[PDB]
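S.K.: After the structure tokens below, expect a handful of questions from me.
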Amino acid sequence: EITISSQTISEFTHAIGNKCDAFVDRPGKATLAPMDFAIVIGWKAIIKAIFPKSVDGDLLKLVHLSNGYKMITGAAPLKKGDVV
Amino acid sequence: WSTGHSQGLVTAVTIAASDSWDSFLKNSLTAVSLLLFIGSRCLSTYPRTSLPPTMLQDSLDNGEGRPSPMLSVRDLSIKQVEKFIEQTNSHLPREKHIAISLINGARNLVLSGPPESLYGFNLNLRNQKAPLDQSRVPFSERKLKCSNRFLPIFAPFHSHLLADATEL
């Protein structure tokens with residue numbers, strides 16, 4: 001369980017070069033978090049999937065083939081203070 | 001005497017505090033450190049963001065420059081420019097309001113605020129202004145001309161946006 005914080009969104013946005021206004025703290029605005037922050041939130045769970053013995057392989061030869069996001073219908077974007 | 005603009009006033013007071021060359025280097029240290037703190041704190045408080053490309057394209061294809069946190073308007077009085085800011089502010093929330101940043105003269109002003117708010121400002125001003133050869137029109141009923149453009153700056157100095165940077 002991770003709680004989203006403005007510091008973390010700031011670091012992530014400056015890292016990837018995202019300059020969008022929605023992810024920068026402004027007065028009178030609900031600062032949001034990028035959907036690429038979803039992989040940061042779920043890196044532990046997603047990457048724990050390739051470890052089990054029944055899925056055996058060389059992690060040094062591991063190749064990330066594809067990644068993608070999909071918002072659920074009617075679900076608002078992630079925002080600051082969200083316990084996720 | 002000596003003074004400065006939006007930014008040079010610190011250099012003015014430092015030069016007023018000048019002394020022999022050894023003390024002048026200390027004075028320069030003071031001015032530089034103060035401006036470093038001002039710039040860093042102002043950017044941290046209001047970091048400029050990405051700007052919608054359709055919006056800057058609309059601004060550019062109407063004889064306008066890149067949007068900036070400051071918009072210079074010329075050939076208009078403080079009262080007229082102020083009335084336009086009051087319209088834009090009434091139709092904007094308080095946190096993205098436009099305020100008089102500096103009055104360079106009677107017919108020369110610069111206004112601080114978010115680049116998007118100042119773009120909407122410039123849309124309103126372009127709607128109200130005229131391109132027109134009005135020499136054949138009576139002076140009392142002549143449309144007002146103006147050449148407004150955004151200054152080369154990346155911070156809304158002299159505005160409420162950086163007010164919370166002050167105490168820091």
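Here the Cβ is made from the backbone with ideal geometry for all residues, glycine too, and neighbour counts use every protein chain on show. Each value in this text was obtained by applying a stated rule to the coordinates, not by laboratory testing.
S.K.: Regarding A:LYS44, is this residue away from chain B (no Cβ under 12 Å), within 20 Å of A:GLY68 (Cβ to Cβ), exposed (fewer than 14 other Cβ atoms within 10 Å of the Cβ) and over 13 Å from the mean Cα position of the chain (by Cα)?
M.R.: It is false that A:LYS44 is away from chain B (no Cβ under 12 Å), within 20 Å of A:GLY68 (Cβ to Cβ), exposed (fewer than 14 other Cβ atoms within 10 Å of the Cβ) and over 13 Å from the mean Cα position of the chain (by Cα).
S.K.: Only residues that are in a loop (DSSP other than H, G, I, E, B) and of a type in the set (D, E, K, R): list them for the range B:38-64, please. Don't jump to the end; show me each part of the working.
M.R.: Just the residues of the range B:38-64 that are in a loop (DSSP other than H, G, I, E, B), to begin with: B:46-52, B:61-64.
B:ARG48, B:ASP61, B:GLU64 - these are the residues of the range B:38-64 that are in a loop (DSSP other than H, G, I, E, B) and of a type in the set (D, E, K, R).
S.K.: Would you point out which residue out of A:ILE16, A:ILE72, A:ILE9, A:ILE50 is surrounded by 12 or more Cβ atoms within 10 Å (Cβ to Cβ) and either within 14 Å of another protein chain (Cβ to nearest Cβ) or out of contact with any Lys or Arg (no Cβ under 9 Å at 6 or more places or on another chain) (or both)? Before you say what the answer is, go through the steps one by one.
M.R.: On the way: A:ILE16 fails: surrounded by 12 or more Cβ atoms within 10 Å (Cβ to Cβ); A:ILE72 fails: surrounded by 12 or more Cβ atoms within 10 Å (Cβ to Cβ); A:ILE50 fails: surrounded by 12 or more Cβ atoms within 10 Å (Cβ to Cβ).
It is A:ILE9.
S.K.: Right, here's the next one. Can you report the number of residues in the range A:24-37 which are under 18 Å from A:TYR69 (Cα atoms) and either in a loop (DSSP other than H, G, I, E, B) or within 11 Å of another protein chain (Cβ to nearest Cβ) (or both)?
M.R.: Residues that pass the stated criteria total 4.
S.K.: Please work out which one of (1) in a helix (DSSP H, G or I); (2) among the hydroxyl-bearing types (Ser, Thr, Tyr); (3) under 20 Å from B:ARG126 (Cβ atoms) is the condition B:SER28 fails and give its number.
M.R.: (3)
S.K.: A further question follows. Out of all the residues in the range B:80-98, is one or more in contact with a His (Cβ under 6 Å, 6 or more places away or on another chain) and within 16 Å of B:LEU151 (Cα to Cα)?
M.R.: No, every residue in the range B:80-98 fails to be in contact with a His (Cβ under 6 Å, 6 or more places away or on another chain) and within 16 Å of B:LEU151 (Cα to Cα).
S.K.: Name the single residue, out of those in the range B:42-51 being of a type outside the set (A, V, I, L, M, F, W, C) and surrounded by 15 or more Cβ atoms within 10 Å (Cβ to Cβ), that is nearest to the other protein chains (Cβ to nearest Cβ).
M.R.: Restricting to residues being of a type outside the set (A, V, I, L, M, F, W, C) and surrounded by 15 or more Cβ atoms within 10 Å (Cβ to Cβ), the top hit is B:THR49.
S.K.: Quick one: how many residues across the range B:46-102 are among the basic types (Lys, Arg) and closer than 30 Å to B:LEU168 by Cβ?
M.R.: Looking only at that region, the number is 4.
S.K.: Let me ask you something else. Quick one: is B:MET55 within 15 Å of the chain's Cα centre (by Cα), surrounded by 15 or more Cβ atoms within 10 Å (Cβ to Cβ) and aliphatic (A, V, I, L, M)?
M.R.: Judged against the criteria, B:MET55 is not a match.
S.K.: Please enumerate the residues belonging to the range B:7-41 that are among the hydroxyl-bearing types (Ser, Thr, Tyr), surrounded by 15 or more Cβ atoms within 10 Å (Cβ to Cβ) and under 17 Å from B:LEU162 (Cβ atoms). Please lay out each step first, then the result.
M.R.: First, pick out the residues of the range B:7-41 that are among the hydroxyl-bearing types (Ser, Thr, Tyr): B:11, B:14, B:18, B:20, B:23, B:28, B:30, B:33, B:40.
Restricting the remaining residues to those that are surrounded by 15 or more Cβ atoms within 10 Å (Cβ to Cβ) gives B:11, B:14.
Residues satisfying the conditions do not exist here.
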